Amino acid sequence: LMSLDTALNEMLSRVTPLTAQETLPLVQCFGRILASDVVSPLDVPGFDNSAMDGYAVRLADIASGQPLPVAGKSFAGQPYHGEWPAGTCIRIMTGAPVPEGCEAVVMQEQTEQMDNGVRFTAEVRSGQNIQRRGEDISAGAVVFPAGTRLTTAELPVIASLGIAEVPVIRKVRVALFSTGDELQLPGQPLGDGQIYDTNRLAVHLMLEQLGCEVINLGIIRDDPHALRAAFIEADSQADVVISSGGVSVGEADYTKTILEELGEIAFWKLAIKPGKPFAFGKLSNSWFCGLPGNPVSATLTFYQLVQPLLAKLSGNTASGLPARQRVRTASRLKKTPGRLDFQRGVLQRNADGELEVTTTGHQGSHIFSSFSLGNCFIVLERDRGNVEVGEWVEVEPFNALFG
């Protein structure tokens, strides 16, 4: 009934990214979000330097048509600062500063080393293979803007500017619980009708991998006052509160009325498969997400709804979730018009060399095994029907949460 894009736009339009910040050493910044633009204090490189290894040379000692001896070297930690004679050259490695006077660097293309000097094939009237001070990064330049998630790609650059620490948005704090007399902790004997609580673990793990600070209140007992207080304490310590199962997703009961009293919660029926119900809304100081009890539905609903919400809250200006690509199915898929269906599939390269998807097996939500067997979602359009072999299909590779 409610479309996914509509639900997702409803959620995101209402959220304000976090701004509270903290300053941490670079080694601690993996996956953290820059709170402020990193502006370079220095020129990179610090002085004119070589882009390649070979030899630094001059104007007229190449126009003289004769060989040029190696009068010294420059490695970057040992620059050449000698007396730098007339018709000679200076051996140079990549990133090493050019000696004073140098006007060109020649690679290992046009160098023939001899007894009496190096010989060169072409000439030049310019700074070939010279990085000028600040060609890469100029001082006062914005190297990375606020909102950038920091990775191995960005943090070493920041280290090359001489910066020990950078400001980052604080972690989104997420409180998590389940409730119901039927739920039991793994490692404890099941009582008569009981089942093991798995949703809560799944969400905790996904939360920690996403970079959130997690507050797991456990299983709250079937008691109005205990649930109300769990709600009150979670809301007062977290930016987001998640019921991983047990709180109403629409049905009338004592939990729904706790929701009515502590917040403004909407109960949606989404046009997705698997899944349908989702609760969402504002508490006094946090955003609430309520997931359905079925593990497949909860995990999928967390992955396609809650994850983007958390990305936006963290201050990240990229986006969560991977990008989709169009691929051929090598399997007949059964799809029923009316719901956007996130099937699980196996994306593999055929012998032709091209990527194709294949189903994992049964797509029913009575089993969980499709997530470890598959490596992607086949995202099949709401009004699409059955899908024959060879048709084109949208495919969303699993991110790190699932391997």
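Residue numbers run from 1 along the displayed sequence.
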| query | finding |
| --- | --- |
| Entry-level comparison of average CA B-factors, 364-372 and 47-55, reporting the higher stretch | 47-55 |
| Higher-B stretch (mean Cα B-factor, as the entry records it), 315-323 or 300-308 | 315-323 |
| Identity of residue with top Cα B-factor, from 110, 216, 209, 199 | 110 |
| Identity of residue with top Cα B-factor, from 233, 100, 182, 239 | 100 |
| Where the record places residue 358 (Cα B-factor, split into thirds across the chain) | middle |
| Third of the chain, ranked by Cα B-factor, where residue 173 sits | lowest |
| For residue 349, the third of its chain into which the C-alpha B factor falls | highest |
| Ranked C-alpha temperature factor of residue 86 among modelled chain residues, by third | highest |
| Third of the chain's Cα B-factor distribution that residue 94 belongs to, per the entry | highest |
